[PDB]
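Please treat every number below as a calculation from the coordinates, not as lab data. Note that each Cβ is placed from the backbone with ideal geometry, even for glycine, and that neighbours are counted across all protein chains shown.
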Amino acid sequence: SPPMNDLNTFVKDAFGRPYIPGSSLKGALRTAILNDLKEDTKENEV
RNA sequence: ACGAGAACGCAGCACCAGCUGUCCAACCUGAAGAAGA
């Protein structure tokens, strides 16, 4: 009951195929492996 | 009316022949197009 004012399209490559882009799964895995601390983020060799 | 007069230290001759400004080296490292209530 709020109309279709805006539509956020899924990310696609040049040919129009949908695909999960880079760094998406990387962040989804960082949000798990980074369970210890918020400090070691960039220099973290993990 | 001078130990003097006359007399080019001159002629020909390529500073030239051979020789890679070359060898080794990732423009690389980390990053959720995402979240109120």
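General observations
- Tilt relative to chain A, helix A:24-33 - C-alpha long axis, 0 to 90 degrees, to 10: 40 degrees
- Taking trypsin sites (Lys or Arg not before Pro) in DSSP loop conformation with at most 13 other Cβ atoms inside 10 Å as exposed sites, chain A has its longest uninterrupted site-free stretch at A:1-37.
- The simple spin-label model puts a point 7 Å past each Cα toward its Cβ; for A:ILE20 and A:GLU43 those points are separated by 3.2 nm.
- On the basis of the beta-carbon distance and an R0 of 30 Å, A:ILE33 and A:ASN5 show a calculated FRET efficiency of 0.20.
- The residue among A:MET4, A:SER23, A:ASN44 whose Cα reaches farthest toward the positive pole of the charge dipole of chain A, with charges on the beta-carbon of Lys, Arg, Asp and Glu, is A:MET4.
- Only the Cβ atoms of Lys and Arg (+1) and of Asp and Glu (-1) were treated as charged; on that basis the dipole of chain A about its Cα centre amounts to roughly 280 debye.
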